Amino acid sequence: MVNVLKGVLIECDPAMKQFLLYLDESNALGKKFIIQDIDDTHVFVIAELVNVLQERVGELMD
Amino acid sequence: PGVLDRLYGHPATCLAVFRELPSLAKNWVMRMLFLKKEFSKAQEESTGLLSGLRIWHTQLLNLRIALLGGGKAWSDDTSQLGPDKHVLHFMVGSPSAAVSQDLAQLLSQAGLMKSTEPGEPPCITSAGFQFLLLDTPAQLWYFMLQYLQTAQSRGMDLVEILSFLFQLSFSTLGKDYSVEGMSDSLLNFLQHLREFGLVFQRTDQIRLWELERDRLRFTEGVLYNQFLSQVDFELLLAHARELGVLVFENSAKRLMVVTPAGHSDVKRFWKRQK
Amino acid sequence: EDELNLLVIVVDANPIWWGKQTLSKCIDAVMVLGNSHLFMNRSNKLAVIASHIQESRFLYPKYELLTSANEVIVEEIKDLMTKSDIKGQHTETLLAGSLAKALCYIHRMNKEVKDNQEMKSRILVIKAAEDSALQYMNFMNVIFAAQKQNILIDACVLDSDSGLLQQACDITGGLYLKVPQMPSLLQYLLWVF
């Protein structure tokens, strides 16, 4: 089962904020690159480099 | 009179018994201090002997004058003993003892100037690795050594003392780290150095804990694992992450799991053997 | 330092010191204490008296004098050691006599000082011995004189039971301490009073 590995960052956000990151993912310019996938409602596989952006954008956004 | 040797003897016995491993000696040594002491002491085991050595000079503070001179006489013996002996605990003991002899003003500046012990304090002072505890006794020794010289007219030691200058790099480090304790020790060295030789030398805050919390926000740096060949290899590789305590998440119906970066390598090794 | 201060130390010589088995050490400690006391202020003076079994005697009479004080004390005590009044041959000591001597000295020093300003004095007793009924009138006479004089009599009982001394401190408004651990003598002298 050690078939495949992928370095990624695991984000453990709440059931409220997660959907904003996804929203952030779409309807965005130079984006949609951001989320690898939604593993759980709470957790997402995302970014790497994008994490700095996702966090900052969330901050700036309401 | 006869009672005197007996009573104090019992505490000599107690210190002797739990002499080796820890730091039992300090309290008992003090009691021992009051009641050729140095010559006789020398035979006894080093640790504890040094402890007694340390506190006795401190304890001195007419007949007292006689005592100091007597101590001065065998300052060499302790000094010979100090070197040669030279853990952090031991190291603390050797400088603490040296420091104590220094304040007494019994030690000969010459002799001290050319001795390994002075090199050793700045050596530990230089190295980043030494702990805060070693640092404070090392620092104190230096301060006391300089304190001892109330002249510098005739004090070769106030040359080697200059070895403080070497410390600045160490202070730069220490500063880089948030080691306030170390820095304070440095300042004491500087201030003391200047002192000896000065003549010769020319609500509202509620938003501030919230602004601190704005600098912390979570995610983890991570490996994901997928496309696992059969369930036994998820469960082995998963249980071997869970005992390593670096599972961030798991879902057995996905056959998918997550490890933070610090145990990527123990997983990469277990994936290769079994 | 403005006020001249005389501290008289009465040392109980009794052979009880044998039980103490050391007198030599007690002297060394007392000397250290005196040196510190004299060093604290220019105006401090010290007088030392020995209350022996047979009689009271003056060991010594400023800090500059300390070297003199040390020699005078060592020599004086050695003379005292004599066999008579040996061990508990005589349980008591002549404290009344010692106190009388102390008050006389304090008075004389005071008169000279009277020419000048006021003097403050206190008496310290290092007590090894036991009190006796015969002693009551004489001791109390001296004690009461001190109280009237407003001279505190402090007492450090290394051992034995001198009730009169305990009473003496109470009347005098002085301090009385029965020392547990006699080897801690130096600490008591410095700390206690």
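The PDB entry annotates chain C as General transcription factor IIH subunit 3 originating from Homo sapiens. In the PDB, the structure is listed with the title "Human holo-PIC in the initial transcribing state". Of the comments in the UniProt record for chain C, the one headed Subcellular location reads "Nucleus".

As recorded by the PDB entry, chain A carries the name General transcription factor IIH subunit 5 and is attributed to Homo sapiens. Check the Sequence similarities section of the UniProt entry for chain A; it says "Belongs to the TFB5 family."

### Here we look at the overall build of chain A
Secondary structure summary: chain A contains 2 helices and 3 strands in total. Counted from the first residue to the last, chain A has its helices and strands arranged as β-α-β-β-α. Dimensions of chain A, computed from the C-alpha atoms along their principal axes, are close to 40 × 25 × 20 Å. When the 62 residues of chain A are sorted by exposure, 34% land in the buried category. Pairs at least 24 residues apart make up 53% of the contacts formed inside chain A by residues separated by at least 6 positions. Total accessible area computed for chain A in this model is approximately 4100 Å², and 62% of it derives from carbon and sulfur atoms. The distance from the centre of the 5 positive side-chain charges to the centre of the 11 negative ones in chain A is 7 Å.

### Some thoughts on the overall build of chain C
The number of helices and strands found in chain C is 7 helices and 6 strands. The burial tally for chain C puts 52% of its 193 residues in the buried class. Surface summary for chain C: the accessible area is close to 9800 Å², and the carbon and sulfur share equals 58%. Each charge sign in chain C was given a centre, from 18 positive and 22 negative side chains, and these centres are 1 Å apart.

### Points about the interface of chain C and chain B
In many reports, interface size means the accessible area that the parts give up when they come together. Taken residue by residue, the interface counts 21 residues in chain C and 11 residues in chain B. Connecting chain C to chain B are 0 salt bridges. Counting the contacts that link chain C with chain B gives 6 residue pairs in polar contact. Those elements that provide at least two residues to the side of chain C that touches chain B are helix 1 (17–20), helix 2 (23–40) and helix 3 (66–80) of chain C. Tallying contributions element by element places helix 2 of chain C first for the side of chain C that touches chain B, with 7 residues. Residues that form the side of chain C that touches chain B fall into these classes: 9 nonpolar, 8 polar and 4 charged.

### Examining the interface of chain B and chain A
In this assembly, 24 residues from chain B lie in contact with 19 residues from chain A. Roughly 1900 Å² of surface becomes buried between chain B and chain A when both sides are summed, with 59% attributable to carbon and sulfur atoms. Contact with chain A buries surface across chain B, with B:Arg217, B:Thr219 and B:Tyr224 losing the most and accounting together for 33% of the total. The closest approach of N and O atoms between B:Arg217 and A:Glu55, which form a salt bridge, is 3.7 Å. Where chain B meets chain A, there are 6 residue pairs in polar contact. Looking at the side of chain B that touches chain A, the elements that each hand over two or more residues are strand 1 (220–226) and helix 15 (231–242) of chain B. Ranked by residues supplied to the side of chain B that touches chain A, first place goes to strand 1 of chain B with 7 residues. Bridge count for strand 1 (residues 4–12) of chain A against strand 1 of chain B is 7 bridges, and the pairing is antiparallel. Looking across to strand 1 of chain B, one finds that A:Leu9 is bridged to B:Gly221.

### A word on the packing of helix 7 (residues 88–104) of chain B against helix 9 (residues 116–126) of chain B
Residue and element names in this part refer to chain B. Between helix 7 and helix 9, the least distance of the axes is 11 Å, while the angle of their chain directions is 125°. Considering the angle they form, helix 7 stands oblique to helix 9. Note on packing geometry: the crossing formed by helix 7 with helix 9 is left-handed. Taken together, the residues of helix 9 that come into contact with helix 7 (itself represented by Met91, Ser94, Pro95 and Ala98) are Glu117, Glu120, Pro121 and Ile124.

### Describing the pattern of salt bridges
All chains considered together, the criterion is met by 11 salt bridges over all chains. The closest approach of N and O atoms between C:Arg57 and C:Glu76, which form a salt bridge, is 3.1 Å. One salt-bridge network, held together by shared partners, links A:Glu55, A:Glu59, B:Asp214 and B:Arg217.

### Brief notes about the layout of surface pockets
A volume near 730 Å³ is recorded for the second largest pocket. Around the second largest pocket, the lining is made up of 22 residues, and of these A:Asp13, A:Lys17, A:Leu21, A:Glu55 and B:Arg217 lie nearest the centre. Elements with a contribution of two residues or more to the lining of the second largest pocket: strand 1, helix 1 (18–25) and helix 2 (50–60) of chain A. Ranked by residues supplied to the lining of the second largest pocket, first place goes to helix 2 of chain A with 5 residues. Looking at the lining of the second largest pocket, its residues break down into 10 nonpolar, 4 polar and 8 charged.

### Structural notes on the sheet that holds strand 3 (residues 56–60) of chain C
Backbone hydrogen bonds are what pair the strands of a sheet, in a parallel or an antiparallel way. Residues and elements named next belong to chain C. Taken in spatial order, the 6 strands of this open sheet run 3-2-1-4-5-6, and their pairing is mixed. With partners counted over all chains shown, the strands left at the sheet margins are strand 3 and strand 6 (176–178), one partner each. When strand polarity is set aside, the average angle formed by the axes of neighbouring strands in this sheet is 20°. Examined bridge by bridge, strand 4 (residues 119–127) and strand 5 (residues 153–157) share 5 bridges and lie parallel to one another. The residue of strand 5 that forms the bridge with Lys127 is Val157. Lying over the sheet, helix 3 contacts strand 2 (44–51) and strand 3, oriented at roughly 155° with respect to strand 3.

### As for the packing of aromatic side chains
All names here are of chain B. The final tally for this structure, using the stated rule, is 3 aromatic pairs over all chains. Ring geometry for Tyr142 versus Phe164: centroids 6.1 Å apart, planes at 40°, classification tilted. Taken as a pair, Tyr142 in helix 10 (residues 132–148) and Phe164 in the loop between helix 11 (157–160) and helix 12 (168–175) lie far apart in primary sequence, 22 residues in all. There is no split in this pair, since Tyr142 and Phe164 are both buried.

### Details of the pairing of strand 3 of chain C
All names here are of chain C. With 4 bridges connecting them, strand 2 and strand 3 associate as antiparallel partners. Looking across to strand 3, one finds that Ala50 is bridged to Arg57. The turn linking strand 2 back onto strand 3 is made up of 4 residues.

What counts as what
- Residues numbered from 1 in each chain as written, not as in the entry; some residues may be left out.
- Chains lettered and ligands numbered in written order.
- Part of a larger assembly, values for the part shown.
- Heavy atoms only, no water.
- UniProt positions renumbered as here; feature names shortened; annotations may be inferred.
- Helix = DSSP H or I, 4+ residues; strand = E, 2+ residues; numbered from the N terminus.
- Buried < 20%, exposed > 50% of the residue type's maximum accessible area, 1.4 Å probe, protein only.
- Contact = heavy atoms within 4.5 Å.
- Areas by Shrake-Rupley, 256 points an atom, 1.4 Å probe, with all protein chains shown as cover.
- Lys, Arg positive; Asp, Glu negative; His and termini not counted.
- Charge placed at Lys NZ, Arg CZ, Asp CG, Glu CD.
- Salt bridge = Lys/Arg side-chain N within 4 Å of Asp/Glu carboxyl O.
- Polar contact = N/O pair within 3.5 Å; in protein donor to acceptor, adjacent residues only side chain to side chain.
- Nonpolar A, V, L, I, M, F, W, Y, C, P; charged D, E, K, R; others polar.
- Buried area = accessible area lost by both parts, 1.4 Å probe.
- Pairing = 2+ DSSP bridges.
- Axes fitted to C-alpha atoms, helices over the stretch in contact; angles between N-to-C directions.
- Parallel < 35°, antiparallel > 145°, perpendicular 65-115°, else oblique.
- Left-handed = near helix turned anticlockwise from the far one by under 90°.
- 1 Å grid on protein atoms, 1.4 Å probe; cavity = no way out; pocket = protein on both sides within 12 Å on 5 of 7 lines; lining within 4 Å.
- Points joined across faces, edges and corners; volume = space filled by probe spheres on them.
- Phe/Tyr/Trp six-rings, centres within 6.5 Å; stacked < 30°, edge-to-face > 60°.

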